[PDB]
Number of protein chains: 2
Amino acid sequence: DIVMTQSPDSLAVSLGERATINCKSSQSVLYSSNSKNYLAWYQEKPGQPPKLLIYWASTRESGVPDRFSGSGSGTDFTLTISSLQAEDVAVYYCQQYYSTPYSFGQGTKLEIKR
Amino acid sequence: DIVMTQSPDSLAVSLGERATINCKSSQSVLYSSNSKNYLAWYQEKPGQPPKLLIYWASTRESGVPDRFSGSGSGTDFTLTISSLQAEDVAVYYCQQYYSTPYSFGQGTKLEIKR
Ligand SMILES: [Zn+2]
Ligand SMILES: [Zn+2]
């Protein structure tokens, strides 16, 4: 059973500043056979379903802005936004697709400090 | 706690024929306030992370082929592929994003009968 835990639960930074959200999996999601991390990051904008941002722990999905980047390996991971944009207000989720059933973290609410 | 159950676990149809996969949530994922179903369908092609196909139970994501369509409401849902294409070989997952932590079904493997 893999449980995903995020930290913090919510945070706020001024526009243009960096934001950092962490995620921890109960078990390792690094597959030894291919040395890849089965971890993903989702962005859930207000009233919208979560959409894929990063997969394989650090591979950015197409169309996704350059300011988003994932890092980490094993059990500790980090989603970083280099420079916060207004449209980034959302709840960010981390997911392990290492073993079924695929599980999500409980989300970290990102807001901008006005 | 919401558990997603899929049926069958794997199936195969000849190219060009219809394929049907079912999903059932342990609790209702229909939100009374807006009358929307917080259900999604993901396609996981061989060695790739699951990608979003359908959300809001029947809304197709952009770029997704017209042959894919989701239906159902409440607890019973269905993913239908009108005419099976060769590139559709994959494991299909249904997800509830009604309540955290968002959960996935265990997947239904789709293959083509040669
Ligand atoms: Zn600051
Ligand atoms: Zn047939």
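We use all heavy atoms of the structure for the numbers below, so side chains are in, but hydrogens, waters and symmetry mates are not. Order of the sequence lines sets the chain letters (A, B, ...), proteins ahead of strands, with each chain counted from 1. Counting starts at 1 for both ligands and their atoms, following the listed order.
In this model, no donor atom of one side chain and acceptor atom of the other lie less than 3.5 Å apart for B:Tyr102 and B:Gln96. For the residue pair A:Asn22 and A:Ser7, no side-chain donor N or O sits within less than 3.5 Å of a side-chain acceptor on the partner.
Not less than 6.0 angstrom separates the ring centroid of B:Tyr42 from the ring centroid of B:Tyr93.
Expressed to the nearest 0.5 Å, how far CD of A:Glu44 lies from OG1 of A:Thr108 amounts to 12.0 Å.
Heavy-atom neighbours of B:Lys51 NZ from other residues, nucleotides or ligands within 6.0 Å: above the threshold of 12.
Here 1 is the count of protein N, O or S atoms positioned under 2.8 Å from the Zn ion (ligand 1), waters not counted.
Using a 4.5 Å heavy-atom threshold, the side chains of A:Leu11 and A:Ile21 count as touching.
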